[PDB]
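Novice: Input: one structure, supplied below.
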Amino acid sequence: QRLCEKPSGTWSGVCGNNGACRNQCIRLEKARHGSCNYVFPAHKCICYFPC
């Protein structure tokens, strides 16, 4: 399947950005991609790792 997502463990609380989220996942969680996905009813930071 696609990239296997992993809930940002370096992030906390509500999320309001995709880039800072992505960037954080890149450097801190060593993720290749990241975004602020909308897991209803809230936006959560999700890092993407090569699956």
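Residue numbers start at 1 in each chain; chains themselves are named A, B, ... in the order of the structure tokens; ligands are numbered from 1 in the order shown.
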For stretch 1-10 of chain A, please output as a PDB file with C-alpha atoms, in the first residue's frame all residues within 7 Å (counting only C-alpha atoms; exclusion window: fewer than 2 positions along the same chain).
Specialist:
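Result saved to out06.pdb:
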```pdb
ATOM      1  CA  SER A  12       0.895  17.585  20.904  1.00  0.00           C
ATOM      2  CA  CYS A  25       8.364  14.817  11.187  1.00  0.00           C
ATOM      3  CA  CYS A  45      -0.274  15.792  12.960  1.00  0.00           C
ATOM      4  CA  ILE A  46       0.575  12.637  11.039  1.00  0.00           C
ATOM      5  CA  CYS A  47       4.054  11.635   9.905  1.00  0.00           C
ATOM      6  CA  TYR A  48       4.452   9.362   6.891  1.00  0.00           C
ATOM      7  CA  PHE A  49       6.986   6.555   6.820  1.00  0.00           C
ATOM      8  CA  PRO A  50       7.900   4.369   3.797  1.00  0.00           C
ATOM      9  CA  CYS A  51       5.813   1.251   4.139  1.00  0.00           C
TER      10      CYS A  51
END
```
Novice: By how many Å are atom CA of residue A:19 and atom CA of residue A:33 apart?
Specialist: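 Between atom CA of residue A:19 and atom CA of residue A:33 the gap is 9.7 Å.
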Novice: What are the DSSP strand (DSSP E or B) residues of chain A, as a ChimeraX atom specification?
Specialist: /A:4-7,33-39,42-49
Novice: Save the residues we just selected, C-alpha atoms, as a PDB file, in the first residue's frame?
Specialist:
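Dumped everything to again-v8.pdb:
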```
ATOM      1  CA  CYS A   4       2.313   3.923   6.404  1.00  0.00           C
ATOM      2  CA  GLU A   5       1.329   6.859   8.552  1.00  0.00           C
ATOM      3  CA  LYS A   6       2.376   7.315  12.148  1.00  0.00           C
ATOM      4  CA  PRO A   7       0.823   9.782  14.635  1.00  0.00           C
ATOM      5  CA  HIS A  33       6.517  13.148   4.571  1.00  0.00           C
ATOM      6  CA  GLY A  34       4.059  14.651   7.043  1.00  0.00           C
ATOM      7  CA  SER A  35       0.774  16.533   7.174  1.00  0.00           C
ATOM      8  CA  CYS A  36      -2.029  17.738   9.412  1.00  0.00           C
ATOM      9  CA  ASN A  37      -4.640  15.139   8.542  1.00  0.00           C
ATOM     10  CA  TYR A  38      -8.247  15.549   9.609  1.00  0.00           C
ATOM     11  CA  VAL A  39      -9.175  12.640  11.811  1.00  0.00           C
ATOM     12  CA  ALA A  42      -9.909  17.162  14.832  1.00  0.00           C
ATOM     13  CA  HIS A  43      -6.786  17.920  12.808  1.00  0.00           C
ATOM     14  CA  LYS A  44      -3.880  15.810  13.983  1.00  0.00           C
ATOM     15  CA  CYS A  45      -0.274  15.792  12.960  1.00  0.00           C
ATOM     16  CA  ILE A  46       0.575  12.637  11.039  1.00  0.00           C
ATOM     17  CA  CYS A  47       4.054  11.635   9.905  1.00  0.00           C
ATOM     18  CA  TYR A  48       4.452   9.362   6.891  1.00  0.00           C
ATOM     19  CA  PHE A  49       6.986   6.555   6.820  1.00  0.00           C
TER      20      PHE A  49
END
```
Novice: How many Å lie between atom CA of residue A:23 and atom CA of residue A:41, rounded to one decimal?
Specialist: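 Interatomic distance, atom CA of residue A:23 to atom CA of residue A:41: 23.7 Å.
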